[PDB]
$ cat coords-v6.txt   # compact mmCIF, C-alpha atoms and all ligand atoms
# COMPACT_ATOMS: atom_id res chain seq x y z
CA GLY U 1 158.40 42.81 108.09
CA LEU U 2 154.75 42.14 107.79
CA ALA U 3 154.78 38.74 109.41
CA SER U 4 156.30 40.16 112.63
CA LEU U 5 153.15 42.30 113.01
CA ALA U 6 150.73 39.37 113.37
CA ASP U 7 150.36 36.13 115.32
CA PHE U 8 148.71 34.30 112.43
CA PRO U 9 150.33 33.43 109.07
CA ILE U 10 151.17 36.26 106.65
CA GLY U 11 151.84 34.48 103.38
CA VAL U 12 152.55 34.88 99.70
CA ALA U 13 152.05 32.80 96.57
CA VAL U 14 155.32 31.94 94.87
CA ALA U 15 156.14 30.95 91.30
CA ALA U 16 158.43 28.03 90.44
CA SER U 17 158.02 27.46 86.69
CA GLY U 18 160.82 29.62 85.18
CA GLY U 19 160.46 33.17 84.12
CA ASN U 20 161.26 36.22 86.14
CA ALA U 21 159.07 35.34 89.13
CA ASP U 22 160.50 31.89 89.79
CA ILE U 23 161.51 31.86 93.45
CA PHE U 24 164.42 29.46 92.98
CA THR U 25 166.19 31.83 90.57
CA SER U 26 165.18 35.27 91.85
CA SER U 27 167.27 36.22 94.89
CA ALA U 28 165.39 39.56 95.14
CA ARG U 29 162.14 37.68 95.58
CA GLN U 30 163.75 35.20 97.98
CA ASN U 31 164.90 38.15 100.09
CA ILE U 32 161.44 39.69 100.21
CA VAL U 33 159.86 36.39 101.22
CA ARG U 34 162.36 35.91 104.06
CA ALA U 35 161.92 39.51 105.22
CA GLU U 36 158.15 39.89 105.04
CA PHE U 37 156.28 36.60 105.02
CA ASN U 38 156.15 33.40 107.12
CA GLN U 39 154.13 31.21 104.85
CA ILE U 40 154.09 30.36 101.17
CA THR U 41 151.52 28.88 98.84
CA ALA U 42 152.66 27.38 95.55
CA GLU U 43 151.06 29.51 92.88
CA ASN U 44 151.00 26.52 90.48
CA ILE U 45 153.24 23.57 91.23
CA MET U 46 151.07 21.88 93.87
CA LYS U 47 148.04 21.64 91.64
CA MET U 48 146.74 18.14 90.94
CA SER U 49 148.52 17.03 87.80
CA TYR U 50 151.83 18.38 89.06
CA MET U 51 151.84 15.41 91.47
CA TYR U 52 152.44 13.02 88.54
CA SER U 53 155.05 12.28 85.94
CA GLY U 54 153.24 10.09 83.40
CA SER U 55 151.01 7.73 85.33
CA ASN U 56 153.28 7.64 88.39
CA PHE U 57 153.34 10.02 91.35
CA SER U 58 156.26 12.43 91.29
CA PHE U 59 156.94 14.82 94.14
CA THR U 60 160.35 16.01 93.09
CA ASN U 61 159.61 19.64 92.22
CA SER U 62 157.08 20.19 94.99
CA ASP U 63 159.38 18.60 97.57
CA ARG U 64 162.05 21.10 96.52
CA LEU U 65 159.73 24.01 97.19
CA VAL U 66 158.46 22.60 100.52
CA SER U 67 162.07 22.05 101.62
CA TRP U 68 163.01 25.59 100.55
CA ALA U 69 160.18 26.88 102.72
CA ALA U 70 161.34 24.90 105.77
CA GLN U 71 164.88 26.29 105.28
CA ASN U 72 163.76 29.91 104.87
CA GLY U 73 161.30 30.54 107.70
CA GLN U 74 158.11 29.64 105.89
CA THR U 75 155.28 27.25 106.64
CA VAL U 76 153.34 25.97 103.60
CA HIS U 77 149.70 26.10 102.64
CA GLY U 78 149.00 23.36 100.11
CA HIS U 79 147.09 24.43 97.03
CA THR U 80 145.28 22.12 96.21
CA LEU U 81 144.06 18.51 96.59
CA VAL U 82 140.86 18.59 94.48
CA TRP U 83 140.04 21.19 91.80
CA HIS U 84 138.14 21.03 88.51
CA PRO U 85 140.11 22.99 85.88
CA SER U 86 141.15 20.63 83.10
CA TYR U 87 144.62 22.29 82.77
CA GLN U 88 145.57 20.67 86.05
CA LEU U 89 143.38 17.51 86.15
CA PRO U 90 145.25 14.24 86.37
CA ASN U 91 144.46 11.96 83.45
CA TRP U 92 142.53 9.63 85.80
CA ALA U 93 140.11 12.48 86.48
CA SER U 94 137.85 11.73 83.52
CA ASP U 95 134.35 10.42 82.91
CA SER U 96 136.02 7.86 80.66
CA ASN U 97 137.76 6.22 83.65
CA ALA U 98 135.96 3.24 85.26
CA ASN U 99 138.50 3.46 88.14
CA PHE U 100 137.67 7.09 88.99
CA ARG U 101 136.54 6.74 92.60
CA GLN U 102 139.59 4.62 93.47
CA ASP U 103 142.03 6.86 91.69
CA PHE U 104 140.42 9.85 93.54
CA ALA U 105 140.98 8.04 96.82
CA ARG U 106 144.56 7.18 95.91
CA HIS U 107 145.21 10.80 94.99
CA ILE U 108 144.13 12.32 98.29
CA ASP U 109 145.57 9.50 100.41
CA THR U 110 148.95 9.63 98.69
CA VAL U 111 149.43 13.34 98.43
CA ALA U 112 148.16 14.26 101.92
CA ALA U 113 150.26 11.48 103.48
CA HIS U 114 153.32 12.47 101.48
CA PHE U 115 153.38 16.00 102.83
CA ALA U 116 152.41 15.14 106.40
CA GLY U 117 154.43 17.24 108.85
CA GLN U 118 155.70 19.47 106.06
CA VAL U 119 152.54 21.27 105.03
CA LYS U 120 150.53 23.08 107.69
CA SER U 121 147.24 23.42 105.96
CA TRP U 122 145.49 22.44 102.74
CA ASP U 123 142.90 23.75 100.29
CA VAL U 124 141.26 20.34 100.31
CA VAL U 125 138.57 21.25 97.85
CA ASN U 126 138.77 24.43 95.83
CA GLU U 127 135.94 26.12 93.91
CA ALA U 128 133.15 23.57 94.29
CA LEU U 129 130.47 26.30 93.81
CA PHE U 130 128.93 27.18 90.43
CA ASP U 131 129.90 30.50 88.86
CA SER U 132 128.66 31.76 85.49
CA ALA U 133 131.91 33.72 84.92
CA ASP U 134 133.43 30.37 85.20
CA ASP U 135 131.44 27.93 83.11
CA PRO U 136 133.20 27.57 79.76
CA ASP U 137 131.34 24.32 78.92
CA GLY U 138 127.89 25.74 79.70
CA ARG U 139 126.99 23.09 82.24
CA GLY U 140 125.02 25.33 84.55
CA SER U 141 124.28 25.11 88.22
CA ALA U 142 123.27 22.04 90.18
CA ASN U 143 121.56 23.92 93.05
CA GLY U 144 124.65 26.10 93.36
CA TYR U 145 127.31 23.39 92.93
CA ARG U 146 129.71 23.20 90.01
CA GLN U 147 129.09 20.09 87.95
CA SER U 148 132.84 19.29 87.77
CA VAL U 149 134.16 15.85 86.90
CA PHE U 150 134.23 15.03 90.62
CA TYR U 151 130.58 16.06 91.04
CA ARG U 152 129.53 14.15 87.89
CA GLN U 153 131.32 10.98 88.84
CA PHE U 154 130.11 10.89 92.47
CA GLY U 155 126.63 11.83 91.28
CA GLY U 156 126.58 14.79 93.67
CA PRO U 157 128.55 16.70 96.32
CA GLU U 158 129.62 13.64 98.31
CA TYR U 159 133.10 13.95 96.84
CA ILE U 160 133.64 16.94 99.10
CA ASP U 161 132.87 14.95 102.21
CA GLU U 162 135.14 12.15 101.07
CA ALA U 163 138.03 14.43 100.25
CA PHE U 164 137.96 15.95 103.68
CA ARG U 165 137.72 12.66 105.54
CA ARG U 166 140.51 11.13 103.48
CA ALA U 167 142.76 14.14 104.00
CA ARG U 168 142.08 14.06 107.72
CA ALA U 169 142.87 10.35 107.88
CA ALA U 170 146.10 10.72 105.87
CA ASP U 171 147.41 13.73 107.80
CA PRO U 172 145.56 14.34 111.06
CA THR U 173 147.83 17.31 111.86
CA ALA U 174 146.97 19.53 108.89
CA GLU U 175 144.34 22.30 108.96
CA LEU U 176 141.80 21.44 106.25
CA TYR U 177 140.14 24.31 104.28
CA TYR U 178 137.32 24.64 101.63
CA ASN U 179 138.35 27.46 99.24
CA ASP U 180 136.50 29.61 96.68
CA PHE U 181 136.22 32.96 94.94
CA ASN U 182 133.42 35.55 94.61
CA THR U 183 132.00 34.42 97.95
CA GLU U 184 132.97 37.77 99.45
CA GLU U 185 130.41 39.50 97.19
CA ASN U 186 127.56 38.57 99.57
CA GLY U 187 125.28 37.55 96.73
CA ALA U 188 124.17 34.22 95.24
CA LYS U 189 127.53 32.51 95.56
CA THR U 190 127.81 33.42 99.24
CA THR U 191 124.40 31.77 99.75
CA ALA U 192 125.60 28.68 97.92
CA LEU U 193 128.69 28.71 100.17
CA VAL U 194 126.43 28.71 103.25
CA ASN U 195 124.54 25.76 101.81
CA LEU U 196 127.71 23.86 101.02
CA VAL U 197 129.31 24.42 104.41
CA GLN U 198 126.19 23.76 106.38
CA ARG U 199 125.79 20.47 104.60
CA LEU U 200 129.32 19.44 105.48
CA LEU U 201 128.71 20.39 109.14
CA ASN U 202 125.44 18.43 109.17
CA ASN U 203 127.29 15.39 107.79
CA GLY U 204 130.05 15.55 110.46
CA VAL U 205 132.72 16.18 107.81
CA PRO U 206 136.14 17.15 109.14
CA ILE U 207 136.32 20.62 107.60
CA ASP U 208 138.42 22.96 109.72
CA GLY U 209 137.84 26.23 107.94
CA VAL U 210 136.84 28.26 104.89
CA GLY U 211 139.11 30.12 102.48
CA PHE U 212 138.12 33.31 100.80
CA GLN U 213 140.38 33.97 97.88
CA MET U 214 139.53 37.68 97.93
CA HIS U 215 140.26 38.60 94.33
CA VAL U 216 138.72 42.03 94.71
CA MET U 217 138.69 45.40 92.93
CA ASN U 218 139.47 48.72 94.57
CA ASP U 219 135.78 49.64 95.01
CA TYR U 220 133.86 46.38 94.33
CA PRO U 221 132.55 44.53 96.18
CA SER U 222 131.68 46.97 98.99
CA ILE U 223 133.50 46.44 102.26
CA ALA U 224 130.11 46.09 104.00
CA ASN U 225 129.32 43.15 101.74
CA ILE U 226 132.77 41.62 102.24
CA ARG U 227 132.34 41.99 106.00
CA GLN U 228 128.85 40.47 105.99
CA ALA U 229 129.83 37.54 103.78
CA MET U 230 132.57 36.61 106.26
CA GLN U 231 130.21 37.12 109.15
CA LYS U 232 127.76 34.66 107.62
CA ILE U 233 130.38 31.93 107.53
CA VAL U 234 131.82 32.67 110.96
CA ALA U 235 128.24 32.25 112.31
CA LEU U 236 127.93 28.68 111.03
CA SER U 237 130.20 27.23 113.69
CA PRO U 238 131.98 28.13 116.92
CA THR U 239 135.34 26.76 115.71
CA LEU U 240 135.38 27.12 111.92
CA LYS U 241 138.45 29.11 110.86
CA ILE U 242 138.64 31.78 108.17
CA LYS U 243 141.77 32.30 105.99
CA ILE U 244 142.24 34.90 103.25
CA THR U 245 144.09 32.80 100.67
CA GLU U 246 144.68 34.76 97.44
CA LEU U 247 144.29 38.46 98.13
CA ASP U 248 144.96 40.93 95.36
CA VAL U 249 143.37 44.28 94.44
CA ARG U 250 142.60 45.57 90.94
CA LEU U 251 142.57 49.33 90.41
CA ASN U 252 140.53 48.97 87.26
CA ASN U 253 136.94 47.77 87.23
CA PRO U 254 135.62 46.80 83.77
CA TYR U 255 132.37 45.50 85.32
CA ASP U 256 131.01 48.68 86.87
CA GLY U 257 129.14 49.89 83.76
CA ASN U 258 131.51 52.83 83.42
CA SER U 259 134.33 52.48 80.92
CA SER U 260 135.52 56.05 81.51
CA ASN U 261 137.14 55.41 84.84
CA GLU U 262 139.91 53.05 83.77
CA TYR U 263 143.63 53.61 83.89
CA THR U 264 144.38 52.52 80.32
CA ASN U 265 148.15 53.00 80.19
CA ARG U 266 150.90 51.17 82.06
CA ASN U 267 152.57 54.52 82.84
CA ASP U 268 149.39 55.72 84.68
CA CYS U 269 150.18 54.15 88.04
CA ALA U 270 153.92 53.74 87.54
CA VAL U 271 154.69 56.43 90.12
CA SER U 272 151.54 57.86 91.70
CA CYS U 273 147.83 57.89 90.99
CA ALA U 274 144.60 58.15 92.92
CA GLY U 275 144.37 54.40 92.30
CA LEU U 276 147.42 53.38 94.33
CA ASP U 277 146.27 55.58 97.18
CA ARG U 278 142.83 53.93 97.13
CA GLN U 279 144.60 50.56 96.96
CA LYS U 280 146.33 51.37 100.23
CA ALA U 281 142.98 52.10 101.85
CA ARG U 282 141.52 48.98 100.25
CA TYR U 283 144.16 46.59 101.60
CA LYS U 284 143.89 48.36 104.94
CA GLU U 285 140.03 48.06 105.17
CA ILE U 286 140.06 44.40 104.19
CA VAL U 287 142.70 43.44 106.74
CA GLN U 288 140.59 45.49 109.19
CA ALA U 289 137.35 43.67 108.29
CA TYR U 290 139.03 40.28 108.68
CA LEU U 291 140.36 41.20 112.16
CA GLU U 292 137.02 42.64 113.21
CA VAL U 293 134.87 39.68 112.10
CA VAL U 294 137.17 36.68 112.61
CA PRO U 295 137.93 35.95 116.26
CA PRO U 296 141.82 35.54 117.07
CA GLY U 297 141.54 31.78 117.53
CA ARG U 298 140.03 31.35 114.34
CA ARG U 299 142.31 33.37 112.07
CA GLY U 300 144.14 31.00 109.76
CA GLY U 301 146.09 33.61 107.90
CA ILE U 302 146.23 36.25 105.21
CA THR U 303 148.07 35.55 101.96
CA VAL U 304 148.62 37.83 98.97
CA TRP U 305 148.64 36.26 95.54
CA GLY U 306 152.22 37.01 94.45
CA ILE U 307 155.18 39.15 95.37
CA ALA U 308 155.46 41.89 92.73
CA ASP U 309 153.00 43.34 90.25
CA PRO U 310 154.44 41.86 87.01
CA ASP U 311 154.22 38.43 88.63
CA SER U 312 150.42 38.73 89.07
CA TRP U 313 147.93 36.75 87.05
CA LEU U 314 146.07 40.13 86.95
CA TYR U 315 149.03 42.27 85.77
CA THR U 316 147.04 42.34 82.58
CA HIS U 317 143.34 41.49 82.47
CA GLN U 318 140.64 42.24 79.93
CA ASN U 319 143.50 43.67 77.88
CA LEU U 320 144.08 46.33 80.48
CA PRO U 321 146.99 46.89 82.78
CA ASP U 322 146.79 46.51 86.53
CA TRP U 323 149.01 46.79 89.62
CA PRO U 324 147.46 44.34 92.09
CA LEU U 325 150.09 43.48 94.70
CA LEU U 326 152.25 44.97 97.52
CA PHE U 327 155.50 45.43 95.57
CA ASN U 328 156.00 47.15 92.26
CA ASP U 329 157.88 46.14 89.14
CA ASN U 330 161.17 47.28 90.72
CA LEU U 331 160.29 45.26 93.82
CA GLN U 332 159.72 48.35 95.95
CA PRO U 333 156.92 48.42 98.51
CA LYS U 334 153.83 50.30 97.39
CA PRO U 335 151.25 52.27 99.41
CA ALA U 336 149.41 48.93 99.50
CA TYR U 337 152.18 47.56 101.68
CA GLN U 338 151.72 50.43 104.14
CA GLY U 339 147.98 49.81 104.26
CA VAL U 340 148.65 46.27 105.48
CA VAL U 341 151.22 47.54 108.03
CA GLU U 342 148.70 50.03 109.42
CA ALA U 343 145.91 47.44 109.67
CA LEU U 344 148.07 44.79 111.34
CA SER U 345 149.36 47.20 113.92
CA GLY U 346 145.99 48.73 114.76
CA CA U 401 135.10 50.87 84.89
$ encode --input "coords-v6.txt" --output "C-alpha cells"
Amino acid sequence: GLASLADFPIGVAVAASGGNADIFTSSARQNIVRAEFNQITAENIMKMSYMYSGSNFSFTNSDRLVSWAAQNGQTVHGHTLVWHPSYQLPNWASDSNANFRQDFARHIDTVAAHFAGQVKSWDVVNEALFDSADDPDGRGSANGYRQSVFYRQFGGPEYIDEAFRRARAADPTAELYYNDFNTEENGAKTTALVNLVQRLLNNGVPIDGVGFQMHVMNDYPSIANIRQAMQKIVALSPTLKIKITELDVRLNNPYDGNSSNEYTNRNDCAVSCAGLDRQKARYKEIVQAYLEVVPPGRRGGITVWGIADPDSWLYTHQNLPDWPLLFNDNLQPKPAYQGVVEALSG
C-alpha cells in the first residue's frame, strides 16, 4: 500500500468513540490501516481533556489505541498536548484557576512522560495563531497570536516556549511539532506563522518541526501559494522538519464568490464527476509540492484526516455534501488514492 511507497510516515487519523468509524469495532477500517498506512493519529481521543477522568489522569482509552498501533504496524503521532478549544480543555485550564501555570506544567510533564517510547512525535502546541474564521468569542488578534486561555494566563506567547521545553524534558526521544491550519494560504496567517516560529528559534526553544494541517479545497488555495508557504518555513532553519498532519480535500468551495459551481447532491460524486478527477490531481500536486520543497531529511510525514468519506469531519459542511478522503463510503479507493500513489512513486 501507500506506506510502502515512501520512506517517511504515511498516516491516517482514526476514530475511537463509537459509531461506524471506530477503529476498534470496524474490521474493514482496521484492514485498510494495516494495508496502507504506517502511522496513526487519534482523531479525538488524545486531546487534552481525554487525559483525565474527573480530576485524575486517566490513560486507559488512549493506551488501548497506542497499544493497538504497536501491534498493527503503526507508529503514533500524538494530537495534542496544548490546544485552546473549550470542548477539550481540562477543567484546570481556566482563568478562574490560581494554580494554572502549575497544572499546565503537570499536564505536559505527565502526558509526555507517560507516552515516552510509544509515541513518535507530538503536536506540542496546536493552533496558536489568530484566525477570524475561528474566533467565536470575538477576542481578536494579539499581533497574530490567538488570545487563548494559555496566552491570557501566561500574559503572552511564552506558554509555547514552555510547552516545548517541558515536552522535550519529559520525552527527549519524541519529535516535537507546532501545528496549525490556513498557514498554507500564504497570506496573513502564514506571516504570523513566520513570526511565531522565528521567535521560538530566537529563544532557543526545542521545536523540531512545523505541521501544516492542509485542510484544502480542490482549487483553493493555489498550489503556488501552498508551495511558497512551505518554502517560507523551510527557509527559517536548516533542520526544521515539515509534516502534513491533517490532509483532506473538499470538492466544493463556498468561499469563492460563485455559488453556481457546487455539487449540491450526495449522488453527484457517488460514482464519477469532474470533481473526483480534480481531487486526484489535487492530492497528487500537493504530495508533489511537499516532496519538491521539503528536503528528504526533513520530511516528517503525510497524514490524511480519516479513512473513508463518511468518517470525515467535512463529509458535510456548510450544509453541503463533500467527499474529502481517499476511500469512499463503501471503503473503495478513489481517484484520490491513485493521485497519492502517482506522486509517491514519481
Ligand atoms: Ca463555489
$ residues_near_point --input "coords-v6.txt" --point "(159.7, 20.9, 99.6)" --cutoff "12 Å" --atoms "only C-alpha atoms" --output "mmCIF file with C-alpha atoms, keeping the file's coordinate frame"
data_model
loop_
_atom_site.group_PDB
_atom_site.id
_atom_site.type_symbol
_atom_site.label_atom_id
_atom_site.label_comp_id
_atom_site.auth_asym_id
_atom_site.auth_seq_id
_atom_site.Cartn_x
_atom_site.Cartn_y
_atom_site.Cartn_z
ATOM 1 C CA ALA U 16 158.430 28.030 90.440
ATOM 2 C CA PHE U 24 164.420 29.460 92.980
ATOM 3 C CA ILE U 40 154.090 30.360 101.170
ATOM 4 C CA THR U 41 151.520 28.880 98.840
ATOM 5 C CA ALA U 42 152.660 27.380 95.550
ATOM 6 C CA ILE U 45 153.240 23.570 91.230
ATOM 7 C CA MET U 46 151.070 21.880 93.870
ATOM 8 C CA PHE U 59 156.940 14.820 94.140
ATOM 9 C CA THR U 60 160.350 16.010 93.090
ATOM 10 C CA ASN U 61 159.610 19.640 92.220
ATOM 11 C CA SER U 62 157.080 20.190 94.990
ATOM 12 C CA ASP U 63 159.380 18.600 97.570
ATOM 13 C CA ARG U 64 162.050 21.100 96.520
ATOM 14 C CA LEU U 65 159.730 24.010 97.190
ATOM 15 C CA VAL U 66 158.460 22.600 100.520
ATOM 16 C CA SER U 67 162.070 22.050 101.620
ATOM 17 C CA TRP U 68 163.010 25.590 100.550
ATOM 18 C CA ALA U 69 160.180 26.880 102.720
ATOM 19 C CA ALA U 70 161.340 24.900 105.770
ATOM 20 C CA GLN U 71 164.880 26.290 105.280
ATOM 21 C CA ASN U 72 163.760 29.910 104.870
ATOM 22 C CA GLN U 74 158.110 29.640 105.890
ATOM 23 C CA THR U 75 155.280 27.250 106.640
ATOM 24 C CA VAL U 76 153.340 25.970 103.600
ATOM 25 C CA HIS U 77 149.700 26.100 102.640
ATOM 26 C CA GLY U 78 149.000 23.360 100.110
ATOM 27 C CA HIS U 114 153.320 12.470 101.480
ATOM 28 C CA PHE U 115 153.380 16.000 102.830
ATOM 29 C CA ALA U 116 152.410 15.140 106.400
ATOM 30 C CA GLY U 117 154.430 17.240 108.850
ATOM 31 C CA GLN U 118 155.700 19.470 106.060
ATOM 32 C CA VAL U 119 152.540 21.270 105.030
#
$ residues_around --input "coords-v6.txt" --residues "residue 145 (chain U)" --least-positions-apart "3" --cutoff "8 Å" --atoms "all atoms listed in the file" --output "PyMOL selection string"
chain U and resi 128-130+141-142+157+192
$ write_last_selection --input "coords-v6.txt" --atoms "C-alpha atoms" --output "PDB file, in the coordinates of the input"
ATOM      1  CA  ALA U 128     133.150  23.570  94.290  1.00  0.00           C
ATOM      2  CA  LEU U 129     130.470  26.300  93.810  1.00  0.00           C
ATOM      3  CA  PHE U 130     128.930  27.180  90.430  1.00  0.00           C
ATOM      4  CA  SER U 141     124.280  25.110  88.220  1.00  0.00           C
ATOM      5  CA  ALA U 142     123.270  22.040  90.180  1.00  0.00           C
ATOM      6  CA  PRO U 157     128.550  16.700  96.320  1.00  0.00           C
ATOM      7  CA  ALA U 192     125.600  28.680  97.920  1.00  0.00           C
TER       8      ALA U 192
END
$ residues_near_ligand --input "coords-v6.txt" --ligand "ligand CA 401 (chain U)" --cutoff "10 Å" --atoms "all atoms listed in the file" --output "list in words"
residues 251, 252, 253, 254, 255, 256, 257, 258, 259, 260, 261, 262 and 263 of chain U
$ residues_near_point --input "coords-v6.txt" --point "(154.6, 32.7, 112.5)" --cutoff "12 Å" --atoms "all atoms listed in the file" --output "PyMOL selection string"
chain U and resi 1-11+34+36-40+73-76+120+300-302
$ atom_distance --input "coords-v6.txt" --atom1 "CA of residue 334 (chain U)" --atom2 "CA of residue 294 (chain U)"
26.4 Å
$ closest_atom_pairs --input "coords-v6.txt" --of "region 26-92 of chain U" --to "region 309-326 of chain U" --cutoff "12 Å" --atoms "all atoms listed in the file" --output "CSV"
residue,atom,partner,partner_atom,distance
U:26,CA,U:311,CA,11.9
U:29,CA,U:311,CA,10.6
U:32,CA,U:326,CA,10.9
U:36,CA,U:326,CA,10.8
U:37,CA,U:326,CA,11.9
U:43,CA,U:313,CA,9.8
U:44,CA,U:313,CA,11.2
$ closest_residue --input "coords-v6.txt" --among "U:271, U:242, U:223, U:341" --to "residue 179 (chain U)" --atoms "all atoms listed in the file"
U:242
$ closest_residue --input "coords-v6.txt" --among "U:226, U:13, U:216, U:170" --to "residue 187 (chain U)" --atoms "only C-alpha atoms"
U:226
$ residues_around --input "coords-v6.txt" --residues "residue 56 (chain U)" --least-positions-apart "5" --cutoff "12 Å" --atoms "all atoms listed in the file" --output "CSV table (one decimal) with C-alpha atoms, in the coordinates of the input"
chain,number,residue,atom,x,y,z
U,49,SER,CA,148.5,17.0,87.8
U,50,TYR,CA,151.8,18.4,89.1
U,51,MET,CA,151.8,15.4,91.5
U,90,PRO,CA,145.2,14.2,86.4
U,91,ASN,CA,144.5,12.0,83.4
U,92,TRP,CA,142.5,9.6,85.8
U,103,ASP,CA,142.0,6.9,91.7
U,106,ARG,CA,144.6,7.2,95.9
U,107,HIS,CA,145.2,10.8,95.0
U,110,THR,CA,149.0,9.6,98.7
$ atom_distance --input "coords-v6.txt" --atom1 "CA of residue 27 (chain U)" --atom2 "CA of residue 337 (chain U)"
20.1 Å
$ build_atoms --input "coords-v6.txt" --residues "region 273-290 of chain U" --atoms "N, CA and C atoms" --output "PDB file, keeping the file's coordinate frame"
ATOM      1  N   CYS U 273     149.163  57.610  91.511  1.00  0.00           N
ATOM      2  CA  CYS U 273     147.830  57.890  90.990  1.00  0.00           C
ATOM      3  C   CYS U 273     146.835  57.735  92.129  1.00  0.00           C
ATOM      4  N   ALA U 274     145.660  58.325  91.962  1.00  0.00           N
ATOM      5  CA  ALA U 274     144.600  58.150  92.920  1.00  0.00           C
ATOM      6  C   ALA U 274     144.381  56.658  93.183  1.00  0.00           C
ATOM      7  N   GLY U 275     144.719  55.831  92.188  1.00  0.00           N
ATOM      8  CA  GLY U 275     144.370  54.400  92.300  1.00  0.00           C
ATOM      9  C   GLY U 275     145.226  53.682  93.325  1.00  0.00           C
ATOM     10  N   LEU U 276     146.507  54.030  93.397  1.00  0.00           N
ATOM     11  CA  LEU U 276     147.420  53.380  94.330  1.00  0.00           C
ATOM     12  C   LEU U 276     147.155  53.835  95.743  1.00  0.00           C
ATOM     13  N   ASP U 277     146.738  55.082  95.876  1.00  0.00           N
ATOM     14  CA  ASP U 277     146.270  55.580  97.180  1.00  0.00           C
ATOM     15  C   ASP U 277     144.977  54.905  97.652  1.00  0.00           C
ATOM     16  N   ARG U 278     144.023  54.703  96.760  1.00  0.00           N
ATOM     17  CA  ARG U 278     142.830  53.930  97.130  1.00  0.00           C
ATOM     18  C   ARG U 278     143.223  52.500  97.472  1.00  0.00           C
ATOM     19  N   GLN U 279     144.170  51.945  96.720  1.00  0.00           N
ATOM     20  CA  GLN U 279     144.600  50.560  96.960  1.00  0.00           C
ATOM     21  C   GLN U 279     145.165  50.391  98.342  1.00  0.00           C
ATOM     22  N   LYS U 280     145.857  51.401  98.852  1.00  0.00           N
ATOM     23  CA  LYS U 280     146.330  51.370 100.230  1.00  0.00           C
ATOM     24  C   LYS U 280     145.157  51.244 101.192  1.00  0.00           C
ATOM     25  N   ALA U 281     144.163  52.101 100.995  1.00  0.00           N
ATOM     26  CA  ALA U 281     142.980  52.100 101.850  1.00  0.00           C
ATOM     27  C   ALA U 281     142.206  50.798 101.713  1.00  0.00           C
ATOM     28  N   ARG U 282     142.239  50.219 100.522  1.00  0.00           N
ATOM     29  CA  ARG U 282     141.520  48.980 100.250  1.00  0.00           C
ATOM     30  C   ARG U 282     142.169  47.792 100.953  1.00  0.00           C
ATOM     31  N   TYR U 283     143.477  47.620 100.848  1.00  0.00           N
ATOM     32  CA  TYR U 283     144.160  46.590 101.600  1.00  0.00           C
ATOM     33  C   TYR U 283     143.940  46.810 103.063  1.00  0.00           C
ATOM     34  N   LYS U 284     144.049  48.060 103.509  1.00  0.00           N
ATOM     35  CA  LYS U 284     143.890  48.360 104.940  1.00  0.00           C
ATOM     36  C   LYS U 284     142.497  47.976 105.446  1.00  0.00           C
ATOM     37  N   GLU U 285     141.433  48.334 104.722  1.00  0.00           N
ATOM     38  CA  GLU U 285     140.030  48.060 105.170  1.00  0.00           C
ATOM     39  C   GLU U 285     139.704  46.560 105.158  1.00  0.00           C
ATOM     40  N   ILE U 286     140.323  45.812 104.256  1.00  0.00           N
ATOM     41  CA  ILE U 286     140.060  44.400 104.190  1.00  0.00           C
ATOM     42  C   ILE U 286     140.730  43.697 105.323  1.00  0.00           C
ATOM     43  N   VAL U 287     141.978  44.043 105.616  1.00  0.00           N
ATOM     44  CA  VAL U 287     142.700  43.440 106.740  1.00  0.00           C
ATOM     45  C   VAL U 287     142.053  43.866 108.060  1.00  0.00           C
ATOM     46  N   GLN U 288     141.345  45.005 108.026  1.00  0.00           N
ATOM     47  CA  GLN U 288     140.590  45.490 109.190  1.00  0.00           C
ATOM     48  C   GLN U 288     139.321  44.667 109.338  1.00  0.00           C
ATOM     49  N   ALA U 289     138.587  44.465 108.246  1.00  0.00           N
ATOM     50  CA  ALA U 289     137.350  43.670 108.290  1.00  0.00           C
ATOM     51  C   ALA U 289     137.579  42.237 108.767  1.00  0.00           C
ATOM     52  N   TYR U 290     138.606  41.593 108.225  1.00  0.00           N
ATOM     53  CA  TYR U 290     139.030  40.280 108.680  1.00  0.00           C
ATOM     54  C   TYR U 290     139.269  40.232 110.205  1.00  0.00           C
TER      55      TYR U 290
END
